[PDB]
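Residue numbers (the entry's author numbering), protein chains in the order written: chain A, 0 to 180; chain A', 0 to 180. A prime marks a further copy of an entry chain.
Protein chains: 2
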Amino acid sequence: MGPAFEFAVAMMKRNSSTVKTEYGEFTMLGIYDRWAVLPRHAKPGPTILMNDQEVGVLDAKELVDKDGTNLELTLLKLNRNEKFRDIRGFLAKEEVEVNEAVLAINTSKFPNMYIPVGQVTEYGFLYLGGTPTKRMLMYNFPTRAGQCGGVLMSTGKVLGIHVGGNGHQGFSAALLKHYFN
Amino acid sequence: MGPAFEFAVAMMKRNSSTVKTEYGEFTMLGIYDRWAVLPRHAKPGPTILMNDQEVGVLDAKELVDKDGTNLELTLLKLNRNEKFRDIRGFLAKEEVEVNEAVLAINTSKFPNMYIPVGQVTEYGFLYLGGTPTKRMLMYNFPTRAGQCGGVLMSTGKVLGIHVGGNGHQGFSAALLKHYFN
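Right, dumping it as structure tokens:
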């Protein structure tokens, strides 16, 4: 757990920010160039607050698979004049399973907070508030809204983005390499 | 940070609980026998909720030093028929300084959450919402109420209980061995 925590703290310091949209406060992970990811429920508009500063949003893509099935992730391209540190090498080609993971949250209601979640398994297909959803990872998680956007990590690996839970398990959308570019 | 996180997760699983008083929700650390500690602001009454169960409170002591100066801690004796795992050996004789510490919170608004806080230094005397207070430890902490009661730890050491902050630093009451018995 300790190596996953050290990895997570470092990665959050380099690549995460706190984002506010009209729909709430969320942890955001920058991925490369000006592309970041949010849980789909964030619903970014043409401007967001990133670390309390207004930033224009140039594009937003709600991800679905080849057959239009919801993946619960929104990729957003930001009008800034810095690049994110490229972390695409930490993203897997396919859904990651691990024995020990940390969920990291970076918001006002949770500033720079880390939760050990234990084993992550590939759950796959699920209904998310009525909507069929694919590529879900599952882990133990006594369950709150507000963690939405949290970044699921293990040593050397960024696994996914926390998108909800049922009270006893939490669910992340797997964050896959091919989503980028 | 990693060893301090592994230590903190273990210690929280064995010795912490979530407490509700009429004044709010707090992380509580059981120390030995039926004695636990809360930040003074918790103001426990004759019953508390411990992990959502009612538990009688047999005694509560607001700690002050030899000259009546506030230490911002309340020790409480609980009417339960289990003992806490004795962790008095993890409590120092005098205020602890460390290079790397974790603050651990166990509540609804923060369930089983860990924050790396870096260096802890002995601050000593301070005014806490108007009240002169002694034996304060200080660390970096972009600052929220609700962390009150959080347990400050490093590898093999329980340092104190988080009792407030100023926006950039957080403050714990040092949790000293001699407070017990």
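Using N, Cα and C, we set each Cβ at its ideal position, and we do this for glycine too.
Report yes if the CB atom of residue i is closer than 8 Å to the CB atom of residue j, and no otherwise.
| i | j | result |
| --- | --- | --- |
| A/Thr73 | A/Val101 | no |
| A/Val63 | A/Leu57 | no |
| A'/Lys176 | A'/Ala91 | yes |
| A/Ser16 | A/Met49 | yes |
| A'/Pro45 | A'/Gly55 | yes |
| A'/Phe109 | A'/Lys156 | no |
| A'/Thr68 | A'/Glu96 | no |
Could you give the DSSP three-state label for residue i: helix, strand or coil?
| i | result |
| --- | --- |
| A/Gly1 | helix |
| A/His177 | helix |
| A'/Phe140 | coil |
| A/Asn14 | helix |
| A/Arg39 | helix |
| A'/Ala7 | helix |
| A/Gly88 | helix |
| A/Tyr113 | strand |
| A/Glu53 | strand |
| A'/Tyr122 | strand |
| A/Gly149 | coil |
| A'/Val157 | strand |
In chain order, what residues of the same chain lie with their CB nearer than 7 Å to the CB of residue i, ignoring the 5 residues before and after it?
| i | result |
| --- | --- |
| A'/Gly148 | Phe25, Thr26, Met27, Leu37, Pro38, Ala41, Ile160, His161 |
| A/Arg79 | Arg33, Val54 |
| A'/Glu81 | none |
| A/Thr20 | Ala41, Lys42, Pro43, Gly44, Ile47 |
| A/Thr130 | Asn69 |
Taking 8 Å as the limit between beta carbons, can you name the residues of its chain near residue i, skipping five residues before and five after?
| i | result |
| --- | --- |
| A/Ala7 | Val101, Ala103, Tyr113, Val150, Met152 |
| A/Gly117 | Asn98, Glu99, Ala100, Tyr138, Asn139 |
| A'/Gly164 | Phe140, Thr142, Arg143, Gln146, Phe170 |
| A/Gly128 | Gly163 |
Do you know how far the Cα of residue j is from the Cα of residue i?
| i | j | result |
| --- | --- | --- |
| A/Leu77 | A'/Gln52 | 48 Å |
| A'/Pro115 | A'/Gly123 | 22 Å |
| A/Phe4 | A'/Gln168 | 22 Å |
| A/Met0 | A/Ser107 | 25 Å |
| A/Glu94 | A'/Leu158 | 40 Å |
| A'/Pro2 | A'/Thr154 | 6 Å |
| A/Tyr178 | A/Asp66 | 15 Å |
| A/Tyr22 | A'/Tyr31 | 45 Å |
| A/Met11 | A'/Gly166 | 20 Å |
| A'/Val18 | A'/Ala9 | 19 Å |
Once you ignore the five residues that flank residue i on each side, which residues in its own chain have a CB closer than 6 Å to its CB?
| i | result |
| --- | --- |
| A/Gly29 | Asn14, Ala35, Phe83 |
| A'/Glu61 | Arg39, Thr73 |
| A/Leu125 | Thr132, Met135 |
Next on the checklist: Using 8 Å as the cut-off, can you tell me whether the region 138 to 149 of chain A makes contact with the region 80 to 89 of chain A, which would need three or more C-beta pairs spanning the two stretches below that distance?
Outcome noted: Short answer: they don't touch.
Next on the checklist: Between the region 123 to 137 of chain A' and the region 159 to 178 of chain A', can you find at least three pairs of beta-carbon atoms closer than 8 Å?
Outcome noted: These segments touch.
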